[PDB]
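*Asks:*
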Amino acid sequence: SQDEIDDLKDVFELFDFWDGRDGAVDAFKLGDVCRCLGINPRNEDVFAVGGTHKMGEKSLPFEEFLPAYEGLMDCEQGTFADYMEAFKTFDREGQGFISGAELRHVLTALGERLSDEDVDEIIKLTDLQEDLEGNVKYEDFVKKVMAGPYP
Amino acid sequence: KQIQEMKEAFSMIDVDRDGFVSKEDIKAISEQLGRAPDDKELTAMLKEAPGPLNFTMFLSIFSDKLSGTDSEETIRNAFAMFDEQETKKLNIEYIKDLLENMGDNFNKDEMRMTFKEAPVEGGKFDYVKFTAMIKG
Amino acid sequence: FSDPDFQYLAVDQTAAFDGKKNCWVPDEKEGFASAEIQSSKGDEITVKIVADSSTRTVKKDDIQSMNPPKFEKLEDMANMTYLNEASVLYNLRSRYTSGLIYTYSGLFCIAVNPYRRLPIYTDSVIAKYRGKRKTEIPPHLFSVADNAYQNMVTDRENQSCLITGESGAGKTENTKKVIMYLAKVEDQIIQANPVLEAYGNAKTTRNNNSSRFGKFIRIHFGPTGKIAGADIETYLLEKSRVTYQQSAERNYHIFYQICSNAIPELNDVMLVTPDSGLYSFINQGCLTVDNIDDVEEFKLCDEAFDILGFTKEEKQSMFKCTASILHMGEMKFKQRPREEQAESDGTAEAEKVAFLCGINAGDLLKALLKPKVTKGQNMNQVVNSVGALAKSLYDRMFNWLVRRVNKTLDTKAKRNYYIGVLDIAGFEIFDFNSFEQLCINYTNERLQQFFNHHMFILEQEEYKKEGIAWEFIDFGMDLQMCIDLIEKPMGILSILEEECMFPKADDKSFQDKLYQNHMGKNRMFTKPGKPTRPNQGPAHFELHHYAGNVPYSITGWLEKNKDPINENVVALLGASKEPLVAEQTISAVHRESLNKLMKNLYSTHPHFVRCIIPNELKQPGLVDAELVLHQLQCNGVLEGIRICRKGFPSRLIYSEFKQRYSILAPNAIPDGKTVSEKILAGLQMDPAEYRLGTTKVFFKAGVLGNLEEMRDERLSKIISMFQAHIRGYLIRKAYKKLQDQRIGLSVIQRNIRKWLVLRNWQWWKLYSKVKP
C-alpha cells in the first residue's frame, strides 16, 4: 500500500545516507533494511532476492528495492509454536529448562549460526538470567525475543 | 542567581541611575569599556522593548531570548551519543565532520565561529567543558 | 539448509540412462560393472563396459537390474527399486567417496570406516540431531542413538544397539560416539574408556588399537529422562597377549605407556628403565605404533585415573602390579646337570617382583621351583608357570579394575530404563589361528545369528501373534549349526572341556577325538584346505564362519582351557603386603557368560549398526569393492532390506509418533491416533508406504528414515527462523541510535546555532561585557 511503500522510502533514506548519501544502498544491507520494517528474513532468504555477503560488492536504487521487499514478505515467519517445539527437543527433563552453555551452543552452533557477540548481546538485552544450577527457562527467553526491543 | 546578576548589571548599565535605560545610558557605559554601537545600533537596540526600559521590560526581552533551549544534561548526552567508549571527548576530525556535512549542514562561518572557542587539545574535543561553556 | 554443520553429512543426477540397456554385470575387481547391452543370443548376452569401453558376454541370469539416477547416493536404501549386491555396493561406495559414511538400510544403520577424522561429531552437530526423527535429518549415528532414546521414553522399555562388523571396521569408535552422544543430551563415564582401553587393547596387524575383550555397557536413565547411572560388563580378555605377541603385534597399550617417560617421577615407583625393547614380555612383536603417542596416552591415562576418583595409592598399585609383570619375565633360570629340577640364575629381577607384590622374594622363588606334599618343577615347568602367573594376575587386575570403575558409576540414583551398547570383539582371521580366535569367532557368530532371528524369524512371528495376515518367506539365513558345531552337547568346546578333566589327554587324543565326532557328520567341519595367504602357520581343521573360513591349529588347546598357577604362589599372594594383590573351565564359564549376555539382549528393542572395513590396507578413502561387496553378503544387508520393503517392519505407538512428527504439519493439529491420521495425511503421504493399526502406525521400509529427514530439515529451519528473529530484533533495537544519533545531532546542531546567534545579539554582547 502507499503508507507502506512510504515506509520503505522512509527507512531506505536512513540507510542510503549512512553508506554515503547518493540514492543507492549497499546490497549487503538489504537485509537490515527490511529487518527494520518489522520482518526478519533468513540470510538464506535475503541472498535469494539480491543481498550480498560483503559491502562494496554492489549498491542498489529504490527501484530495484521495492521487489526485494515484495519478496521478503511472502517468506515464512516463525510462530511461538515453532520456537517452542524446536526448543523442546533439547529438554531431557521436559520442564521448560536448558542450560546457558547449551542454549549458547544452539544459537552459535546450529542452523544459520549467530556470532558469539550477537549472543552475549541479546542475552544482556533481554536480560536473561540463570539460576544456581546455571539453567534458564527457554520459554521466557523466546517470549522476549518475540516481544521486541521496545514492548 | 541569573536575576541577581541581571539587576546588578542593569545598575551598572543604568548610569544616570534613574532606574531606566536610555540611548545615552547604553552609549555611556559601552564607551567606558569597549567600542560602542552607532546611533542606528542603539536605536533599534531599544526599539526591541515596547516601552521604557525599567528593570522589568529588561528581564523580559532577556528572558525571551534564552527561551527555547534545552539541558546541560540533555546536550551532554546528545554528545556522548557519539562517544561509544565513554571517554568524555570526541575526536576533532569526527565532530567537525558531523556538524559540517551531516544532518543540517553547518557552514564554514558557523564552523569557524564554533571552533574559535572550542576546547580541543591532543586531538580530542572535550564536549563536557564545551557543553558547560555553551550553557551555564 | 545452508548449515555448515552438514559438510560431510548431507548429499550434494540426470540423462544418459536407458532402463533396458544399462545393467550390472559381474566383475572380478569391482564386484559388479556398469554395462550397456549390445546383443542377446538365447542366454549369451553381449554387453559393453561403460568404463574402459571393452566388450564381453554374460549369462542372461547373471545380469542385475541397475537403479535409475533417481536414487543416486540415496540416504535410505530400502527406498531403492533394486536392492541387489550390486545396487547396494554402488550406493555405499558412491556416498563413501564423498565423505558420507552413514546410510540406512531400512531399519538399521551402515557405517563405513573413514580412516580419517570428520567434523561430524561436534557439539554443533549434536544440537541439530536432538529429538529428530530419522527421515527428518541426514543419516547419522546420532539419529540411531537419539531415536533409541525417544523409544525407551515414549514406549517405556529398554533399548539396545548391537554395533557389528569385522575387526578394524568401527565397532569401538561408534560405540564410544553413541555414549558420548547420549552423555551430551558424565565426565567419568567418558573417562572409563581411556583406562579400560589401555589395559584391554593392543596393536595387532589388523588394528593398531585392537580391543581384546568384549564390552557391554548399560546406560541408565531417571524419571526426567536423564542419565542416572551406568555399568560395564567385559568378556574374554586375551590372557595370552600378556606374555606372547605374534610378529607385527604389540602387547597391551599400558606396558608401552609405562616405559615412555610421560611421568619421570614414576620411573622409580615402578622400578622401570624407560625402554620397552628391554622387556621380553613386551618386545616380541612390535614396539612403537604409527599414530599412537605412548607419552601422551600415558599422561591422559594417568589424568583419567584421577577423574575416575582413584586414590593416589590405588592408581599406583595398578601401575606397579603391571610394571611388576614387566619383571616376572626377566627372571632367568638354569638347571644343574643331574636332576634338572631347576635353580635360579640370579635374583635381582625376581626380587623387584616380590617387592612390588609385597611378598618375600625368598618364599617366592621357593614355592616356584619346588611347589608344595612337595613336587619339584623342571626348567620349563617353571618358565611356563611364570607365564601362568603373569597371565593370571593381569586377568585379576583387569577384573578388579572394572569392578572399581563401576564403583565410581553405579550412582544409587533412581533408575527407570536403560540403553545398552554391545561391542564384541569382531571376526578376525590371521596367518595362524588358535583357541583365542575360536573364542572370539564363536562370540561374533553368535551375534550375527541374533540379527537373523530378530530380523526374519522374528518379524513374521509377530505378524502371527497380533493375528494379521501373511505368507512366510525363507531368507535362508541360519548358523545355528556353526553355532551348534561349537556349542551344542557334543560340540567342539564340549569335547575339549571333557578332554581337560583327563590328565592323560594331549594334543592328539583331542585332535582325533574331534574328527571322531564331526568329520563327515557335520559339513561345517572340514579337513584343512590349502594356503590363501603366505606365512600361513599350521592348521588342523577348518570352520566355515559367517564371515570366513578359518583353519584352526589346536596345538596347546588343553592347557589354554584349563589354566594352571602354582596353588602355592596363590597362597603367598593370598597374604601379600600390597592391599590390591591381597584382594569350572574357561570354556564352560565363557559359554555361560555369553549365554547370559544373549538372554539379556533378547529382552530388547534392538537397533543395529553395521561396520564395514573399506580395504585391507588401513588407508583412508580407498575402497576394495570385492571386500565391500563381500560384506554386504555375509551380513545379510540386502535381505535385511527386502522385508523392510516387503513386509512392514515398522512400528510406532501413536503416542510416541505424535511427539516426534507433529512438527511436520502443525497447521493441521487442533487424541494421538487422529493427530497422526492428520500429520501423515497433511504430508500427502502415500497410503502404500504405511498402515493403520489400532495402537500403532506401520511405515513401510525406509520411510521412517525419511521422516527423520523432513523432521530435521524443519528443526533446522525453525532454528534459523528464531535466529532470524534474533537478528531482526537486534537491528530494530538500534534504530533510534541510527535514530538516536539523528536526534542527538539535531540537539547539538540547533543548540549551537542558538548560542551562536545569542552572541550576535548587542544586548548580550554588552551584557557579557559588564559581567565583571
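So the protein lines, in turn, are chains A, B and C.
Under the working numbering, the residues of the first sequence are numbered 482 to 632, in order.
Under the working numbering, the residues of the second sequence are numbered 926 to 1061, in order.
Under the working numbering, the residues of the third sequence are numbered 352 to 1123, in order.
C-beta: ideal position from N, C-alpha, C; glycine also.
(1) Identify the contact partners of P962 of chain B in chain C, using a Cβ-Cβ distance below 7 Å as the criterion.
(2) Three or more C-beta pairs closer than 8 Å, one from the segment 1070-1085 of chain C and one from the segment 1013-1024 of chain B: is that the case here?
(3) Rounded to a whole number of angstroms, what is the C-alpha to C-alpha distance between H958 of chain C and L547 of chain A?
(4) By the DSSP assignment, the beta strand (DSSP E) with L773 of chain C in it spans what residues?
(5) Using 8 Å for Cβ pairs, my map puts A701 of chain C next to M682 of chain C. What's the rounded Cβ distance?
(6) For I570 of chain C versus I770 of chain C, is the C-beta distance shorter than 8 Å?
(7) For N435 of chain C, which residues of its own chain have a beta-carbon under 8 Å away from its beta-carbon, when the five flanking residues on both sides are left out?
(8) Kindly indicate which three-state DSSP category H571 of chain C falls into: helix, strand or coil?
(9) Within its chain, find whatever has a CB closer than 6 Å to the CB of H895 of chain C; leave out the 5 residues flanking it on each side and keep chain order.
(10) Output, in chain order, the set of chain B residues within a Cβ distance shorter than 8 Å of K1105 of chain C.
(11) With a threshold of 16 other CB atoms inside 10 Å of the CB of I568 of chain C, please say whether the residue is buried or exposed.
(12) For the segment 942-958 of chain B, enumerate the residues whose C-beta is nearer than 8 Å to any C-beta of chain C, in chain order.
(13) How many Å lie between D941 of chain B and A961 of chain B at the Cα?
(14) Which chain C residues sit within Cβ distance under 8 Å of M627 of chain A?
(15) Nearest by alpha-carbon distance to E933 of chain B: which of B:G959, B:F983, B:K948 is it?
(16) Which runs of the beta strand (DSSP E) at least 3 residues long sit entirely within the segment 1050-1093 of chain C? Give them in chain order.
(17) Is the beta carbon of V546 of chain C less than 8 Å from the beta carbon of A496 of chain C?
(18) Name, going along the chain, the residues of the segment 1036-1054 of chain B whose beta-carbon falls closer than 7 Å to a beta-carbon of chain C.
(19) Closer than 8 Å, CB to CB, is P1017 of chain C near chain A or not?
(20) Express the C-alpha separation of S391 of chain C and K410 of chain C in angstroms, rounding to a whole number.
(21) To which residues does DSSP link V398 of chain C through a beta bridge?
(22) Give the DSSP-derived three-state secondary structure of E1009 of chain B in the structure shown.
(23) If we ignore side chains and look at the alpha-carbon of each, how far apart do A674 of chain C and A718 of chain C end up?
(24) Could you spell out the range, first to last residue, of the beta strand (DSSP E) harbouring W375 of chain C?
(25) Should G998 of chain C and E810 of chain C be called a contact, given that it needs their Cβ atoms to be closer than 8 Å?
(26) If contact means a Cβ-Cβ distance below 8 Å, which residues of the segment 1090-1101 of chain C contact chain B?
(27) Do we get a CB-CB distance below 8 Å when we pair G482 of chain C with the residues of chain A?
(28) For the segment 585-592 of chain A against the segment 467-476 of chain C, are there 3 or more C-beta pairs whose distance is under 8 Å?
(29) Taking the alpha carbon of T794 of chain C as the reference point, which residue from C:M806, C:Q867, C:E779 has its own alpha carbon closest?
(30) Is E934 of chain C buried or exposed, if buried means 16 or more other CB atoms sit within 10 Å of its CB?
(31) Does any residue of chain C bring its CB to less than 8 Å from the CB of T570 of chain A?
(32) Where does the unbroken alpha helix (DSSP H) through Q862 of chain C begin, and where does it stop?
(33) Are there 16 or more other CB atoms within 10 angstroms of the CB of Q1074 of chain C, so buried, or fewer, so exposed?
(34) So which residues of chain A does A499 of chain C contact, with C-beta pairs closer than 7 Å?
(35) Please state whether the Cβ-Cβ distance between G777 of chain C and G516 of chain C is less than 8 Å.
(36) Could I get the ranges of all uninterrupted alpha helix (DSSP H) runs contained in the segment 1006-1055 of chain C, with 4 residues as the minimum, in chain order?
*Replies:* The structure says:
(1) Residues of chain C passing the Cβ test: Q1113.
(2) With a cut-off of 8 Å, the segment 1013-1024 of chain B and the segment 1070-1085 of chain C do not count as touching, because too few Cβ pairs lie within range.
(3) Each residue's Cα considered, the two are about 53 Å apart.
(4) From DSSP, the beta strand (DSSP E) with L773 of chain C extends over 768-774.
(5) 5 Å between Cβ atoms; contact.
(6) Yes, the Cβ-Cβ distance between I570 of chain C and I770 of chain C is below 8 Å.
(7) Taken in chain order, the residues that qualify are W375, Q415, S416, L989.
(8) Under the three-state reduction of DSSP output, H571 of chain C falls in the strand class.
(9) Same-chain partners within the cutoff: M875.
(10) By Cβ distance, chain B contributes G993, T994.
(11) By the neighbour-count rule (16 or more Cβ atoms within 10 Å), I568 of chain C is buried.
(12) Answer set for the segment 942-958 of chain B: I951, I954, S955, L958.
(13) So the two alpha carbons sit approximately 17 Å from each other.
(14) Going along chain C in sequence order, the residues near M627 of chain A (Cβ under 8 Å) are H1076.
(15) For the residues B:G959, B:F983, B:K948, the minimum Cα distance to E933 of chain B belongs to B:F983.
(16) Whole beta strand (DSSP E) segments, 3+ residues: zero.
(17) For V546 of chain C and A496 of chain C, no; Cβs fall outside 8 Å.
(18) Hits within the stretch, in order: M1038, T1039.
(19) With a threshold of 8 Å between beta carbons, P1017 of chain C makes contact with chain A.
(20) In a straight line, the C-alpha of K410 of chain C is about 10 Å away from that of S391 of chain C.
(21) Paired residue(s): C:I388, C:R407.
(22) Correct three-state label for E1009 of chain B: coil.
(23) Their Cα atoms are separated by approximately 22 Å.
(24) Residues 373-377.
(25) Yes, Cβ-Cβ distance for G998 of chain C and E810 of chain C is below 8 Å.
(26) Per Cβ criterion, the list reads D1091, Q1092, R1093, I1094, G1095, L1096, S1097, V1098, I1099, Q1100, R1101.
(27) With 8 Å as the cut-off, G482 of chain C counts as an interface residue toward chain A.
(28) With three or more CB-CB distances shorter than 8 Å, the segment 585-592 of chain A counts as touching the segment 467-476 of chain C.
(29) Closest by alpha carbon: C:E779.
(30) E934 of chain C comes out exposed.
(31) Proximity of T570 of chain A to chain C, defined by a Cβ-Cβ separation below 8 Å, is satisfied.
(32) First-last of the alpha helix (DSSP H) with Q862 of chain C: 858-869.
(33) Its Cβ being crowded by 16 or more others within 10 Å, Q1074 of chain C is buried.
(34) Around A499 of chain C, no beta-carbon contact reaches into chain A at under 7 Å, the shortest distance being about 14 Å.
(35) Yes, the Cβ-Cβ distance between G777 of chain C and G516 of chain C is below 8 Å.
(36) You should have 1023-1033.
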